[PDB]
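Novice: Quick one, structure for this:
(chains A and B)
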2 protein chains.
Amino acid sequence: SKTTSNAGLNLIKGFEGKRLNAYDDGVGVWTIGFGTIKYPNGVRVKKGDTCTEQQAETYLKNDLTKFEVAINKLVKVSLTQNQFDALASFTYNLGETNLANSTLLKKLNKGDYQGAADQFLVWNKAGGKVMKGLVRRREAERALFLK
Amino acid sequence: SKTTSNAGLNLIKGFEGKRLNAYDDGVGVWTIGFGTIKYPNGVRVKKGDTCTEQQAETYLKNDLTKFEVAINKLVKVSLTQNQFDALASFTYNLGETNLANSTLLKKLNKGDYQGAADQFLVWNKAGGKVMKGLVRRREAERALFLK
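Specialist: Numbering: from 1, shown residues only, chains lettered A, B, ... in the order given. And now the structure:
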């Protein structure tokens, strides 16, 4: 069973940004590193927390584990490491339920890799508006999937 | 018995957006207007459909009826219109079963309005992922509920 490799980690790190001081993510949930809100020991991130780059990467790798488990359970065809990494970014962003219900996964499990790759681009909306950042993200994920 | 007023309608329009051309939501469900997937005559939205803003408003008001019915059946205490509208947004987003089983409804039906208001905030997850947009929705619903 696969885990997220450096291609997927770099993708996600680019999207989350690097923040070594805890920050309000905009809705009052304190966050640090590359999108971490809870340390692997269960302690919640709080205002005033600081971390190192290595700690942030470890925390990201931990945050990914549940979504990696979901991908390994849900996908029933072979994946290149690039394809797994693209799905890890997609699923980290959108959650396991969106992956489980997606047309992407339906087509993927039929062996239709090209159709699945094109489904990444459908998920470009937040609040019904197409977001340029989500377009760029889905395009990067599709590009890695097809690499 | 109550129906959703302009306040709840604006809350829901906020996070559904407005799209007068039908679009795929990523799970193969074509969607139009303010999150409508089935017209009031039971006909499913399909690719190529278009509607006017007025039609979209009518369709959204129709979509809300099942959730309004659920709230009026499940809630056993008085509600201001603001509180009803907050619950309409919450239940539109999360569904009748989640409302029925919620600590939110349990506290509300004991007459514990402040406890219920605070329970809005725990419903900020999708597919194992805390979502900033969901936190925003829940905080807006709580604020309207408390107004």
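Novice: Convert the C-alpha atoms of the longest strand anywhere in chain A to PDB, please.
Specialist: The single longest strand within chain A, with elements called by DSSP state E, is strand A:19-24. Presented in PDB, the C-alpha positions along strand A:19-24 are these (Å, rounded to 0.1, in the frame of the first residue of the first chain):
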ATOM      1  CA  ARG A  19       3.800  28.900   8.200                       C
ATOM      2  CA  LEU A  20       6.200  28.200  11.100                       C
ATOM      3  CA  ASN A  21       4.100  30.400  13.500                       C
ATOM      4  CA  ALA A  22       0.500  29.400  14.400                       C
ATOM      5  CA  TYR A  23      -2.000  31.500  12.400                       C
ATOM      6  CA  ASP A  24      -5.700  32.000  12.300                       C
END
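Novice: who does the very next helix or strand once past it touch, helix- and strand-wise?
Specialist: Later in the chain than strand A:19-24, the nearest helix or strand by DSSP states H and E is strand A:30-33. Contact partners of strand A:30-33 among helices and strands, from 3 or more Cβ pairs under 8 Å, 6 or more residues apart in numbering or on different chains; DSSP states H and E: strand A:19-24, helix A:53-74. C-beta here means a position set from N, CA and C on the backbone, and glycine is covered the same way.
Novice: Out of these, which one sits most buried?
Specialist: helix A:53-74 (a mean of 17; mean count of other Cβ atoms under 10 Å in any protein chain shown).
Novice: I'd like the distance from it to the chain centre, please.
Specialist: Chain-centre distance of helix A:53-74: 9 Å, with Cα atoms, centre = their mean, to the nearest Å.
Novice: Smallest distance to chain B belongs to which residue of chain A?
Specialist: Across chain A, the shortest distance to chain B (Cβ to the nearest Cβ) belongs to residue A:128, at 1.8 Å.
Novice: Enumerate every residue touching the nearest residue to that residue once chain neighbours are set aside.
Specialist: Closest residue to residue A:128 apart from its sequence neighbours, by Cβ to Cβ, 6 or more residues apart in numbering or on different chains: residue B:17 at 1.8 Å. By Cβ atoms under 8 Å, 6 or more residues apart in numbering or on different chains, the contact set of residue B:17 is A:125, A:127, A:128, A:129, B:34, B:35.
Novice: For chain A, which residues are neighbours of chain B?
Specialist: Contact residues (Cβ under 8 Å from any Cβ of the partner chain) of chain A with chain B: A:25-29, A:37, A:66-67, A:70, A:91-104, A:106, A:119, A:122-123, A:125-129.
Novice: In ChimeraX, how would I select the buried members of those?
Specialist: What follows is the ChimeraX syntax for the buried subset of the residues of chain A next to chain B, where burial is set by 16 or more other Cβ atoms under 10 Å in any protein chain shown:
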select /A:25,27,29,37,66,67,70,91,92,93,94,95,96,97,98,99,101,102,103,104,119,122,123,125,128
